[PDB]
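The data block below is query12.txt; it holds compact mmCIF, C-alpha atoms and all ligand atoms.
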```
# COMPACT_ATOMS: atom_id res chain seq x y z
CA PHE A 1 0.00 0.00 0.00
CA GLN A 2 2.79 2.43 0.96
CA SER A 3 4.23 2.29 -2.58
CA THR A 4 3.84 5.65 -4.31
CA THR A 5 2.44 4.05 -7.48
CA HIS A 6 -0.45 2.42 -5.60
CA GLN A 7 -1.25 5.65 -3.73
CA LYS A 8 -1.24 7.70 -6.95
CA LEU A 9 -3.44 5.12 -8.70
CA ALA A 10 -5.88 5.11 -5.77
CA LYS A 11 -5.99 8.93 -5.71
CA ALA A 12 -6.52 9.15 -9.48
CA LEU A 13 -9.28 6.53 -9.52
CA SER A 14 -11.00 8.04 -6.47
CA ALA A 15 -11.00 11.60 -7.82
CA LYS A 16 -11.82 10.49 -11.38
CA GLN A 17 -15.35 9.37 -10.46
CA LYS A 18 -15.94 12.39 -8.20
CA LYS A 19 -16.20 14.82 -11.15
CA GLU A 20 -19.63 14.34 -12.75
CA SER A 21 -21.56 17.32 -14.14
CA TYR A 22 -23.03 17.12 -17.65
CA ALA A 23 -25.96 19.55 -17.62
CA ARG A 24 -25.05 23.23 -17.92
CA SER A 25 -27.20 25.94 -16.34
CA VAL A 26 -28.70 28.83 -18.32
CA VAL A 27 -30.94 31.85 -17.67
CA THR A 28 -34.31 32.16 -19.44
CA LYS A 29 -35.23 35.81 -20.09
CA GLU A 30 -38.46 35.24 -22.02
CA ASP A 31 -41.14 32.62 -22.57
CA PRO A 32 -39.59 29.50 -24.22
CA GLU A 33 -42.57 29.00 -26.58
CA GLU A 34 -41.84 32.38 -28.29
CA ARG A 35 -39.62 30.77 -30.94
CA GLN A 36 -42.32 28.19 -31.75
CA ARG A 37 -45.13 30.74 -32.16
CA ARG A 38 -43.00 33.23 -34.13
CA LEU A 39 -41.88 30.49 -36.53
CA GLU A 40 -45.49 29.29 -36.91
CA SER A 41 -46.45 32.87 -37.80
CA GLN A 42 -43.59 33.14 -40.33
CA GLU A 43 -44.49 29.75 -41.83
CA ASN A 44 -48.17 30.72 -42.12
CA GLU A 45 -47.18 34.00 -43.81
CA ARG A 46 -44.94 32.23 -46.32
CA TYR A 47 -47.63 29.58 -46.89
CA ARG A 48 -50.11 32.35 -47.77
CA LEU A 49 -47.56 34.03 -50.07
CA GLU A 50 -46.73 30.70 -51.75
CA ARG A 51 -50.44 29.89 -52.20
CA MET E 1 -48.26 28.53 21.27
CA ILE E 2 -48.33 30.97 24.17
CA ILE E 3 -48.32 30.17 27.91
CA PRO E 4 -51.81 29.19 29.17
CA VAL E 5 -53.44 31.55 31.64
CA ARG E 6 -54.61 28.81 34.02
CA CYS E 7 -53.42 25.34 34.93
CA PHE E 8 -55.59 22.77 33.15
CA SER E 9 -56.07 20.53 36.18
CA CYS E 10 -56.70 22.98 39.02
CA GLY E 11 -56.91 26.46 37.53
CA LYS E 12 -54.03 28.22 39.27
CA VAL E 13 -52.91 31.32 37.38
CA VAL E 14 -49.61 30.35 35.72
CA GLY E 15 -49.71 32.91 32.91
CA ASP E 16 -47.86 35.59 34.88
CA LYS E 17 -44.78 33.46 35.63
CA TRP E 18 -43.30 32.71 32.19
CA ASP E 19 -40.91 35.67 32.02
CA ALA E 20 -39.80 35.14 35.64
CA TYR E 21 -39.17 31.47 34.82
CA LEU E 22 -37.01 32.42 31.82
CA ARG E 23 -35.15 34.96 33.99
CA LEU E 24 -34.47 32.35 36.68
CA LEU E 25 -33.24 29.88 34.06
CA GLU E 26 -30.97 32.63 32.68
CA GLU E 27 -29.45 33.18 36.13
CA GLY E 28 -28.39 29.52 36.20
CA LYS E 29 -31.03 27.92 38.42
CA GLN E 30 -32.17 24.38 37.70
CA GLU E 31 -35.69 23.94 36.32
CA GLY E 32 -36.95 22.26 39.49
CA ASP E 33 -35.38 24.97 41.66
CA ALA E 34 -36.83 27.67 39.39
CA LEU E 35 -40.30 26.13 39.69
CA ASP E 36 -39.85 25.96 43.47
CA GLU E 37 -38.92 29.66 43.52
CA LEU E 38 -42.13 30.52 41.62
CA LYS E 39 -44.18 28.68 44.30
CA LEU E 40 -45.51 25.98 41.96
CA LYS E 41 -45.91 23.07 44.38
CA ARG E 42 -48.39 20.70 42.73
CA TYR E 43 -46.92 18.75 39.82
CA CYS E 44 -50.02 19.56 37.73
CA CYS E 45 -48.93 23.21 37.74
CA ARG E 46 -45.26 22.29 37.29
CA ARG E 47 -46.19 20.33 34.16
CA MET E 48 -47.81 23.44 32.62
CA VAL E 49 -44.64 25.53 32.78
CA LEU E 50 -42.10 22.70 32.35
CA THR E 51 -43.60 21.32 29.11
CA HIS E 52 -44.72 24.53 27.39
CA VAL E 53 -43.35 25.24 23.92
CA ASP E 54 -43.38 28.90 22.83
CA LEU E 55 -44.52 28.73 19.21
CA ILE E 56 -45.61 32.39 18.97
CA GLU E 57 -41.93 33.37 18.62
CA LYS E 58 -41.81 31.42 15.35
CA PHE E 59 -45.15 32.84 14.16
CA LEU E 60 -43.93 36.40 14.77
CA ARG E 61 -41.00 36.02 12.35
CA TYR E 62 -43.33 36.23 9.34
CA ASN E 63 -43.95 39.73 8.01
CA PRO E 64 -47.29 41.33 9.00
CA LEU E 65 -50.09 41.06 6.45
CA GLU E 66 -51.59 44.51 7.11
CA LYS E 67 -49.92 47.88 7.61
CA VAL D 1 -45.81 75.99 -11.55
CA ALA D 2 -45.67 79.79 -11.44
CA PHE D 3 -47.13 82.56 -9.34
CA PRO D 4 -48.53 85.43 -11.43
CA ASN D 5 -46.66 88.19 -9.56
CA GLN D 6 -43.59 86.01 -8.94
CA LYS D 7 -41.67 83.85 -11.44
CA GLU D 8 -41.68 80.19 -12.43
CA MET D 9 -40.89 77.60 -9.75
CA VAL D 10 -40.41 73.83 -9.83
CA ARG D 11 -42.02 72.24 -6.78
CA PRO D 12 -42.58 68.66 -5.61
CA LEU D 13 -46.05 67.23 -5.14
CA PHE D 14 -46.18 67.07 -1.32
CA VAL D 15 -45.96 70.89 -1.02
CA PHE D 16 -49.62 71.15 -2.04
CA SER D 17 -52.19 70.94 0.76
CA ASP D 18 -55.39 68.89 0.80
CA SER D 19 -57.27 71.85 2.33
CA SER D 20 -59.62 73.85 0.11
CA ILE D 21 -58.67 77.25 -1.30
CA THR D 22 -60.01 80.09 0.84
CA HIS D 23 -61.71 83.29 -0.33
CA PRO D 24 -58.80 85.73 0.41
CA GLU D 25 -56.39 83.36 -1.36
CA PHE D 26 -58.50 83.33 -4.54
CA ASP D 27 -59.02 87.10 -4.26
CA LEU D 28 -55.25 87.65 -4.04
CA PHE D 29 -54.78 85.33 -7.03
CA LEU D 30 -57.30 87.40 -9.01
CA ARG D 31 -55.51 90.62 -8.03
CA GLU D 32 -52.17 89.15 -9.17
CA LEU D 33 -53.77 88.13 -12.49
CA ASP D 34 -55.16 91.65 -12.96
CA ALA D 35 -51.75 93.15 -12.09
CA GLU D 36 -50.05 90.93 -14.68
CA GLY D 37 -52.91 91.45 -17.14
CA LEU D 38 -54.26 87.90 -17.43
CA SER D 39 -57.73 86.36 -17.33
CA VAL D 40 -59.40 83.44 -15.58
CA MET D 41 -60.06 80.00 -17.08
CA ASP D 42 -63.30 79.78 -19.06
CA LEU D 43 -66.25 77.76 -17.76
CA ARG D 44 -66.13 75.54 -20.86
CA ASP D 45 -62.46 74.84 -20.13
CA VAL D 46 -63.35 74.27 -16.45
CA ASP D 47 -65.91 71.64 -17.51
CA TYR D 48 -63.35 70.10 -19.90
CA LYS D 49 -60.82 69.82 -17.05
CA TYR D 50 -63.50 68.35 -14.77
CA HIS D 51 -64.41 65.71 -17.37
CA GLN D 52 -60.70 64.97 -17.89
CA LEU D 53 -60.18 64.42 -14.15
CA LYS D 54 -63.30 62.23 -13.85
CA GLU D 55 -62.28 60.14 -16.87
CA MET D 56 -58.71 59.74 -15.57
CA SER D 57 -59.90 58.79 -12.07
CA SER D 58 -62.49 56.33 -13.41
CA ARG D 59 -60.19 54.90 -16.10
CA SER D 60 -59.24 51.22 -16.02
CA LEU D 61 -55.54 50.57 -16.56
CA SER D 62 -54.30 48.04 -19.08
CA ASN D 63 -51.76 45.29 -18.45
CA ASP D 64 -48.99 47.13 -20.32
CA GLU D 65 -49.70 50.38 -18.46
CA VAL D 66 -49.62 48.58 -15.10
CA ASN D 67 -46.31 46.89 -15.99
CA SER D 68 -44.85 50.26 -17.05
CA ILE D 69 -45.92 51.84 -13.73
CA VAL D 70 -44.44 48.88 -11.82
CA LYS D 71 -41.14 49.17 -13.73
CA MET D 72 -41.09 52.93 -13.07
CA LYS D 73 -41.60 52.43 -9.33
CA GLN D 74 -39.02 49.61 -9.35
CA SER D 75 -36.57 52.13 -10.81
CA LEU D 76 -37.68 54.43 -7.98
CA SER D 77 -37.51 51.52 -5.48
CA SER D 78 -34.55 52.15 -3.17
CA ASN D 79 -34.98 48.84 -1.31
CA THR D 80 -37.71 46.29 -0.57
CA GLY D 81 -37.22 42.94 1.17
CA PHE D 82 -39.19 40.85 -1.33
CA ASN D 83 -37.43 42.54 -4.26
CA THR D 84 -34.01 42.09 -2.61
CA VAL D 85 -34.68 38.37 -2.16
CA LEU D 86 -35.80 38.09 -5.80
CA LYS D 87 -32.71 39.99 -7.01
CA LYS D 88 -30.43 37.79 -4.89
CA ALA D 89 -32.07 34.66 -6.32
CA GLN D 90 -31.67 35.97 -9.88
CA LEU D 91 -28.02 36.80 -9.15
CA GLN D 92 -27.51 33.27 -7.80
CA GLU D 93 -28.99 31.84 -11.01
CA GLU D 94 -26.69 34.07 -13.09
CA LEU D 95 -23.77 32.94 -10.91
CA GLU D 96 -24.48 29.24 -11.49
CA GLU D 97 -24.81 29.94 -15.24
CA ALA D 98 -21.40 31.65 -15.20
CA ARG D 99 -19.85 28.83 -13.15
CA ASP D 100 -21.22 26.16 -15.51
CA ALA D 101 -19.81 28.13 -18.47
CA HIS D 102 -16.28 28.22 -16.91
CA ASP D 103 -16.27 32.04 -16.91
CA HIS D 104 -13.83 32.89 -14.11
CA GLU D 105 -14.18 36.67 -14.60
CA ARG D 106 -17.95 37.19 -14.41
CA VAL D 107 -18.34 34.96 -11.32
CA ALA D 108 -15.98 37.16 -9.27
CA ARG D 109 -18.04 40.26 -10.08
CA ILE D 110 -21.28 38.46 -9.20
CA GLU D 111 -19.76 37.25 -5.91
CA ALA D 112 -18.62 40.80 -5.08
CA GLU D 113 -22.09 42.17 -5.89
CA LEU D 114 -23.74 39.48 -3.73
CA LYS D 115 -21.34 40.28 -0.88
CA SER D 116 -22.23 43.98 -1.17
CA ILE D 117 -25.99 43.28 -1.26
CA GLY D 118 -25.89 40.59 1.45
CA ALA D 119 -24.89 40.44 5.15
CA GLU D 120 -28.41 40.73 6.54
CA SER D 121 -29.50 40.86 10.19
CA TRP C 1 -27.42 10.51 -25.85
CA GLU C 2 -28.87 6.97 -25.84
CA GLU C 3 -30.21 7.50 -29.39
CA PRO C 4 -28.33 10.63 -30.47
CA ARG C 5 -28.87 10.36 -34.25
CA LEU C 6 -32.07 10.47 -36.27
CA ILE C 7 -31.42 9.55 -39.90
CA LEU C 8 -33.50 10.09 -43.05
CA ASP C 9 -32.32 8.89 -46.45
CA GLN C 10 -33.75 9.53 -49.92
CA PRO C 11 -32.18 7.99 -53.05
CA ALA C 12 -33.61 10.68 -55.30
CA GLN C 13 -33.86 9.77 -59.01
CA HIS C 14 -35.86 12.52 -60.76
CA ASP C 15 -28.86 11.78 -62.12
CA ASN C 16 -28.67 9.46 -59.11
CA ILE C 17 -28.20 11.55 -55.95
CA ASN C 18 -28.16 9.63 -52.65
CA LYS C 19 -29.10 12.15 -49.95
CA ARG C 20 -28.90 11.44 -46.21
CA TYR C 21 -30.54 13.86 -43.77
CA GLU C 22 -29.50 13.49 -40.15
CA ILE C 23 -29.84 15.49 -36.92
CA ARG C 24 -27.65 15.17 -33.83
CA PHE C 25 -28.58 15.88 -30.20
CA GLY C 26 -26.07 17.85 -28.18
CA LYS C 27 -26.03 19.39 -24.71
CA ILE C 28 -28.87 19.72 -22.22
CA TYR C 29 -29.44 23.14 -20.65
CA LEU C 30 -31.55 23.68 -17.54
CA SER C 31 -32.72 26.85 -15.83
CA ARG C 32 -34.36 27.90 -12.60
CA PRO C 33 -38.18 27.67 -12.67
CA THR C 34 -39.96 30.57 -14.35
CA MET C 35 -43.57 31.74 -14.57
CA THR C 36 -45.07 33.16 -17.78
CA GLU C 37 -48.12 35.40 -17.41
CA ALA C 38 -50.98 36.00 -19.84
CA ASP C 39 -49.71 39.51 -20.64
CA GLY C 40 -46.42 37.96 -21.82
CA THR C 41 -44.01 38.94 -19.06
CA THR C 42 -41.90 36.43 -17.14
CA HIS C 43 -40.46 36.31 -13.62
CA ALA C 44 -38.80 33.89 -11.23
CA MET C 45 -41.22 31.50 -9.54
CA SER N 1 -66.38 82.42 -21.97
CA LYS N 2 -67.94 83.12 -18.58
CA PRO N 3 -65.61 83.58 -15.59
CA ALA N 4 -65.13 80.61 -13.29
CA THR N 5 -66.61 80.85 -9.80
CA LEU N 6 -65.32 79.35 -6.55
CA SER N 7 -67.52 76.24 -6.80
CA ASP N 8 -66.24 75.51 -10.32
CA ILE N 9 -62.65 75.51 -9.03
CA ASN N 10 -63.76 73.43 -6.03
CA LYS N 11 -65.15 70.79 -8.40
CA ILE N 12 -61.63 70.21 -9.80
CA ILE N 13 -59.81 70.06 -6.44
CA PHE N 14 -57.12 67.37 -6.74
CA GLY N 15 -55.66 66.56 -3.33
CA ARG N 16 -52.18 65.37 -2.43
CA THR N 17 -53.63 61.93 -1.65
CA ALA N 18 -55.30 61.96 -5.08
CA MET N 19 -52.00 63.10 -6.60
CA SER N 20 -50.21 60.14 -4.97
CA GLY O 1 -65.61 50.43 -3.75
CA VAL O 2 -64.06 47.34 -2.17
CA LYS O 3 -60.73 47.52 -0.36
CA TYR O 4 -57.88 45.10 -1.01
CA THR O 5 -54.36 44.48 0.29
CA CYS O 6 -51.25 43.34 -1.56
CA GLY O 7 -49.75 39.99 -0.66
CA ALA O 8 -46.17 41.31 -0.82
CA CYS O 9 -45.92 44.99 0.18
CA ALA O 10 -49.21 45.17 2.19
CA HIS O 11 -50.46 48.20 0.24
CA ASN O 12 -54.15 49.16 0.29
CA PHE O 13 -56.12 50.14 -2.81
CA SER O 14 -59.49 49.63 -4.50
CA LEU O 15 -60.85 47.94 -7.61
CA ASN O 16 -63.88 48.72 -9.79
CA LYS O 17 -64.49 45.21 -11.28
CA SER O 18 -62.64 46.26 -14.46
CA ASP O 19 -58.94 46.52 -13.55
CA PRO O 20 -56.54 43.55 -13.73
CA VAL O 21 -56.02 41.78 -10.42
CA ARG O 22 -52.58 43.21 -9.59
CA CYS O 23 -50.86 45.37 -7.00
CA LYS O 24 -50.57 49.00 -8.04
CA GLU O 25 -47.08 49.69 -6.71
CA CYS O 26 -45.10 46.40 -6.71
CA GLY O 27 -47.17 44.49 -9.27
CA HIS O 28 -47.77 41.36 -7.22
CA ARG O 29 -50.36 38.99 -8.68
CA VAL O 30 -51.74 38.00 -5.25
CA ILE O 31 -54.11 40.28 -3.32
CA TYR O 32 -56.37 39.78 -0.30
CA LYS O 33 -59.74 41.23 0.65
CA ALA O 34 -59.91 43.55 3.64
CA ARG O 35 -61.77 42.70 6.83
CA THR O 36 -65.46 43.61 6.97
CA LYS O 37 -67.00 46.51 8.89
CA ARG O 38 -69.86 44.60 10.57
CA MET O 39 -69.67 44.16 14.33
CA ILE O 40 -67.71 41.13 15.53
CA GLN O 41 -68.50 39.65 18.95
CA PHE O 42 -67.21 36.62 20.87
CA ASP O 43 -68.41 34.93 24.05
CA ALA O 44 -64.97 34.54 25.75
CA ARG O 45 -65.47 30.86 26.56
CA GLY P 1 -28.82 24.67 -35.01
CA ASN P 2 -29.38 26.00 -31.50
CA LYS P 3 -31.20 25.42 -28.19
CA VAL P 4 -34.67 23.96 -28.74
CA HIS P 5 -37.16 23.86 -25.86
CA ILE P 6 -38.16 20.21 -25.40
CA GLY P 7 -40.38 20.54 -22.33
CA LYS P 8 -40.69 21.49 -18.68
CA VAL P 9 -39.59 19.15 -15.87
CA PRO P 10 -41.09 19.56 -12.37
CA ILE P 11 -38.53 20.49 -9.72
CA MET P 12 -38.25 18.75 -6.35
CA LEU P 13 -38.25 21.25 -3.49
CA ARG P 14 -35.00 21.97 -1.58
CA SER P 15 -32.94 20.16 -4.24
CA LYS P 16 -29.91 21.59 -6.05
CA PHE P 17 -32.16 23.08 -8.76
CA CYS P 18 -34.74 24.60 -6.40
CA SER P 19 -34.81 28.31 -5.61
CA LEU P 20 -35.01 27.64 -1.85
CA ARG P 21 -31.65 25.79 -1.74
CA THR P 22 -29.67 29.02 -1.45
CA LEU P 23 -32.02 31.21 0.60
CA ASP P 24 -30.89 31.56 4.19
CA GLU P 25 -33.11 31.63 7.23
CA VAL P 26 -34.18 35.22 6.90
CA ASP P 27 -35.13 35.24 3.21
CA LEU P 28 -36.87 31.90 3.77
CA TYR P 29 -39.11 33.74 6.26
CA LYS P 30 -39.59 36.60 3.77
CA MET P 31 -40.63 34.04 1.12
CA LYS P 32 -43.33 32.65 3.50
CA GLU P 33 -41.58 29.27 3.65
CA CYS P 34 -41.38 27.34 6.89
CA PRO P 35 -37.78 26.63 7.99
CA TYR P 36 -38.92 23.28 9.43
CA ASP P 37 -40.09 22.16 5.98
CA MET P 38 -37.68 19.60 4.55
CA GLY P 39 -38.60 19.40 0.87
CA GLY P 40 -38.49 16.20 -1.12
CA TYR P 41 -41.79 16.73 -2.96
CA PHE P 42 -43.16 18.37 -6.10
CA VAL P 43 -45.84 21.02 -6.60
CA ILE P 44 -48.16 20.09 -9.49
CA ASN P 45 -51.12 22.47 -9.96
ZN ZN M 201 -52.43 22.95 38.85
ZN ZN M 202 -47.66 45.22 -3.62
```
For the structure just supplied, provide its representation as structure tokens.
Amino acid sequence: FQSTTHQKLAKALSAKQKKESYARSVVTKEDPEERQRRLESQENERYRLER
Amino acid sequence: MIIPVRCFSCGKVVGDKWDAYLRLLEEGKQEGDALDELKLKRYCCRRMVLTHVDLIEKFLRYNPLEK
Amino acid sequence: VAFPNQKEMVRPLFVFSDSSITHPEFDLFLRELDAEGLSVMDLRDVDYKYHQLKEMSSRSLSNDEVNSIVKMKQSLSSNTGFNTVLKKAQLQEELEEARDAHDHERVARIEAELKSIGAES
Amino acid sequence: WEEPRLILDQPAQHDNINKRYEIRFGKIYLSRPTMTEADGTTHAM
Amino acid sequence: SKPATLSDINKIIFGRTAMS
Amino acid sequence: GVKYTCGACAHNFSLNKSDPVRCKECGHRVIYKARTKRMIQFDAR
Amino acid sequence: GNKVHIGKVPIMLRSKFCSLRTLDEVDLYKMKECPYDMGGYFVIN
């Protein structure tokens, strides 16, 4: 156990599984559905123009 | 919630001794000795002061609803 | 506002008194108007002002107008406990966004701002 | 990331052009809860 | 075009509370 | 005609059954009715 | 190709993603939350 190689391996494997954070936070400043409704409006406008 | 005015069992007025009880406990007296100093002899009256929980102090920490 | 005899003055709202205007006060105002050479407001204009005040007092505000008034008073708001808690929560959300983005410069400024705002009693 | 790739293919012949259309899923972003009012404004909930 | 009387001015009194 | 009270800043105002249900000054969406004026009596028992 | 909103996930109270995680004892009182409340539940409707 007192060998430096074993201690470094144990430290590396213990701290390797400690770091786990995939999702990244963000701040919403408006209503999320705004993109959906604005693109539906644009699509309806271009549908009318195409028709 | 707040200290009862009368003892439930016999009706002795215990509602005027809460602050004195807290003072005596502050000075370092034991709870039994403090109850003895307040002249609460019957254990029915001692139960009223010994087991009271002061919940109004928690209720007062919320901001008032009318100003 | 402006006195007739005197000059123009900028005054805050609380200087005005809720008490009604007395007879010598209105008489002195009329004498100042005559000294300056001005007239009194017409009765038709008086009725127009009265209708304007009644319409404004009985008006129903819209959502956008209410939000504009709230934003204006928030700009005027020096401090309010609910608003301070909301601002601190929003700053904490911005801080976690900056931390998750590995931005070491913004997070220091947000921490300093939180330290300045915080330390409650 | 279990199924990160949707794939659509179309061997168009209408000059053979084999077209593959595919979309990839990337990162997940989360926020603090928010409330959206009828008038359109938003605020922390 | 008639001059305004005292009661006409009293009808349009707008108090400090009303101002607030 | 009817008095209210804001749920956040405890401000008093009135509504005429046509305004949006909101606080005038801080814009909270939660308001409470004021206590009545009728006489209130208890039997102290 | 950017962030697309895929839905809203209910948040468990007093968790890492709840607004009450940070609030200290005083702001918890200002938010009308009981300090004895422990969380571990969701608020649906
Ligand atoms: Zn007793
Ligand atoms: Zn308010």
Extract, using all atoms listed in the file, all DNA, RNA and protein residues at most 12 Å from residue 99 in chain D, discarding same-chain residues fewer than 6 positions from it, and format them as a list in words. residues 21, 23, 24, 25 and 26 of chain A; 92, 93, 105, 106, 107, 108, 109, 110 and 111 of chain D
Nearby residues, ligand ZN 201 (chain M), 9 Å, all atoms listed in the file, as a count of residues only: 18
Distance query 12 Å from (-36.2, 18.2, 4.5) using only C-alpha atoms, result as a PyMOL selection string: chain P and resi 12-15+20-21+34-41
Which chains and residue numbers are within 12 Å of ligand ZN 202 (chain M), counting all atoms listed in the file, if I want them as an MDAnalysis selection string? (chainID E and resid 65:67) or (chainID D and resid 70 73:74 80:83) or (chainID O and resid 4:13 21:32)
Write a file of the just-selected residues containing C-alpha atoms, as an mmCIF file, keeping the file's coordinate frame.
```
data_model
loop_
_atom_site.group_PDB
_atom_site.id
_atom_site.type_symbol
_atom_site.label_atom_id
_atom_site.label_comp_id
_atom_site.auth_asym_id
_atom_site.auth_seq_id
_atom_site.Cartn_x
_atom_site.Cartn_y
_atom_site.Cartn_z
ATOM 1 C CA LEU E 65 -50.090 41.060 6.450
ATOM 2 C CA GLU E 66 -51.590 44.510 7.110
ATOM 3 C CA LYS E 67 -49.920 47.880 7.610
ATOM 4 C CA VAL D 70 -44.440 48.880 -11.820
ATOM 5 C CA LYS D 73 -41.600 52.430 -9.330
ATOM 6 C CA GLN D 74 -39.020 49.610 -9.350
ATOM 7 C CA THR D 80 -37.710 46.290 -0.570
ATOM 8 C CA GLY D 81 -37.220 42.940 1.170
ATOM 9 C CA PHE D 82 -39.190 40.850 -1.330
ATOM 10 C CA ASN D 83 -37.430 42.540 -4.260
ATOM 11 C CA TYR O 4 -57.880 45.100 -1.010
ATOM 12 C CA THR O 5 -54.360 44.480 0.290
ATOM 13 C CA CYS O 6 -51.250 43.340 -1.560
ATOM 14 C CA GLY O 7 -49.750 39.990 -0.660
ATOM 15 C CA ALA O 8 -46.170 41.310 -0.820
ATOM 16 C CA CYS O 9 -45.920 44.990 0.180
ATOM 17 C CA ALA O 10 -49.210 45.170 2.190
ATOM 18 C CA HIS O 11 -50.460 48.200 0.240
ATOM 19 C CA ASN O 12 -54.150 49.160 0.290
ATOM 20 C CA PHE O 13 -56.120 50.140 -2.810
ATOM 21 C CA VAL O 21 -56.020 41.780 -10.420
ATOM 22 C CA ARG O 22 -52.580 43.210 -9.590
ATOM 23 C CA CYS O 23 -50.860 45.370 -7.000
ATOM 24 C CA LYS O 24 -50.570 49.000 -8.040
ATOM 25 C CA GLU O 25 -47.080 49.690 -6.710
ATOM 26 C CA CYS O 26 -45.100 46.400 -6.710
ATOM 27 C CA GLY O 27 -47.170 44.490 -9.270
ATOM 28 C CA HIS O 28 -47.770 41.360 -7.220
ATOM 29 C CA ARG O 29 -50.360 38.990 -8.680
ATOM 30 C CA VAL O 30 -51.740 38.000 -5.250
ATOM 31 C CA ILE O 31 -54.110 40.280 -3.320
ATOM 32 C CA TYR O 32 -56.370 39.780 -0.300
#
```
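Compared by their closest atoms to chain C, and using all atoms listed in the file, the residues O:43, O:20, O:37, O:14 rank with O:20 nearest.
Selected on chain A by distance to chain P: residues 32, 33, 35 and 36 of chain A (within 9 Å, counting only C-alpha atoms).
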Once 5 Å is added on each side, what centre and edge lengths in Å to one decimal does the axis-aligned box around all listed atoms of range 14-30 of chain C have, as AutoDock Vina command-line options?
```
--center_x -30.9 --center_y 16.6 --center_z -39.8 --size_x 19.8 --size_y 24.2 --size_z 54.6
```
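Take CA of residue 94 in chain D and CA of residue 29 in chain P: the distance between them is 23.0 Å.
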Could you list, as a PyMOL selection string, the residues of chain D having an atom within 7 Å of chain N when counting only C-alpha atoms? chain D and resi 13-14+16-18+40-44+46+50
Please, which residues of chain P lie no more than 9 Å from chain C when the count uses only C-alpha atoms, and can they be set out as a PDB file with C-alpha atoms, in the frame of the given file?
```
ATOM      1  CA  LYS P   3     -31.200  25.420 -28.190  1.00  0.00           C
ATOM      2  CA  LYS P   8     -40.690  21.490 -18.680  1.00  0.00           C
ATOM      3  CA  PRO P  10     -41.090  19.560 -12.370  1.00  0.00           C
ATOM      4  CA  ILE P  11     -38.530  20.490  -9.720  1.00  0.00           C
ATOM      5  CA  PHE P  17     -32.160  23.080  -8.760  1.00  0.00           C
ATOM      6  CA  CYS P  18     -34.740  24.600  -6.400  1.00  0.00           C
ATOM      7  CA  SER P  19     -34.810  28.310  -5.610  1.00  0.00           C
TER       8      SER P  19
END
```
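You will find CA of residue 42 in chain P at 15.1 Å from CA of residue 34 in chain C.
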